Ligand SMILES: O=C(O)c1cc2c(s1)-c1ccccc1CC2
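Shown below, as structure tokens, is a lone chain in the form deposited without the ligand; questions about how it binds or moves come after it.
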């Protein structure tokens, strides 16, 4: 039922990754909602269940496959399937708990993790922060294998958590931010794995706030500036949507657009 987008780390290139992220964005957004040249994800309110999710099927050089499920309203990775087992993060609310019952319905073994899927919880379980977790094609290749082998006892919980952290940033954050997509393209182009710098981290941390600030802005002008960081960790202020047009690719729905 739900749309499937395929990506493989096997022989991945800048172009194949770019095609993938574009396809993901295309399935996340309808084109109904564009504000200051920035697309907005579907409003959760009244969104029919048959339109709630997309599936991202990840394959690797090891000839393994996992399927991530993403909530279209926020690009949130709600869980995954590997073969005969599916695993879901502890849902944040009753609506999201009901929604996941519509995913991977013909899978033999369904599990809900006792932990939620936010970075803070996943970093705790990984024993490492995002700033110390390497990203790139190699990390993603390894993450796919780690997710695949979890059900059979091959993958320790910290490795699983780290693997989620990799997938979320390389798929969902890249979909949300052209800037983060660009940073992943760079890693792929040179086949060089590296942890995300502060510019990446602060963007990830600020997505909800940036979405709200843009949508609540007066003709694009923020009431309150938002502090982001450069690659070197130095702070700069965002006062307006204009500077964010090349940086943010999609926003979570926060309010109705003004007349």
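What we label the rigid core is the largest C-alpha set whose atoms superpose within 1.5 Å from one form to the other. Positions refer to the first chain, counted from 1. Only residues modelled in both forms are compared.
One more form of this protein, deposited with the ligand bound, exists but is not displayed; see below.
Is it true that 199, 230 and 236, all three, sit within 4.5 Å of the ligand in the entry with it bound, judged by heavy atoms?
Per the other structure, all of 199, 230 and 236 touch the ligand.
According to a 4.5 angstroms non-hydrogen atom cut-off, is residue 21 in contact with the ligand in the entry with it bound?
Contact check for residue 21: no, nothing within 4.5 Å of the ligand in the entry with it bound.
Given that the partner is absent here, does residue 179 sit within 4.5 Å of the ligand in the entry with it bound, heavy atoms only?
Residue-level check for residue 179: yes, a contact with the ligand.
Decide whether residue 250 counts as a contact residue for the ligand in the entry with it bound under a heavy atom distance cut-off of 4.5 Å.
No, no contact at 4.5 Å.
Test of understanding: in the entry with it bound, would residue 203 fall inside 4.5 Å of the ligand by heavy atoms?
Yes.
If you fit the rigid core and then compare C-alpha positions between this form and the one not shown, only one of 35, 193, 209, 61 moves by 2 Å or more. Name it.
With the rigid core superposed, the residue that stands out is 35.
Do the C-alpha atoms of residue 35 and residue 218 sit closer or farther apart in the entry with it bound than they do here, given a shift of 3 Å or more?
It is farther: in the entry with it bound, the C-alpha atoms of residue 35 and residue 218 lie at least 3 Å more apart than they do here.
With a change of at least 3 Å, which way does the C-alpha separation between residue 229 and residue 35 go in the entry with it bound: closer or farther?
Relative to this form, farther apart in the entry with it bound.
Once both forms are aligned on the rigid core, what are the runs of 3 or more consecutive residues with C-alpha shifts of 2 Å or more between this form and the one not shown?
After superposition, residues 30-32, 34-37 shift as runs.
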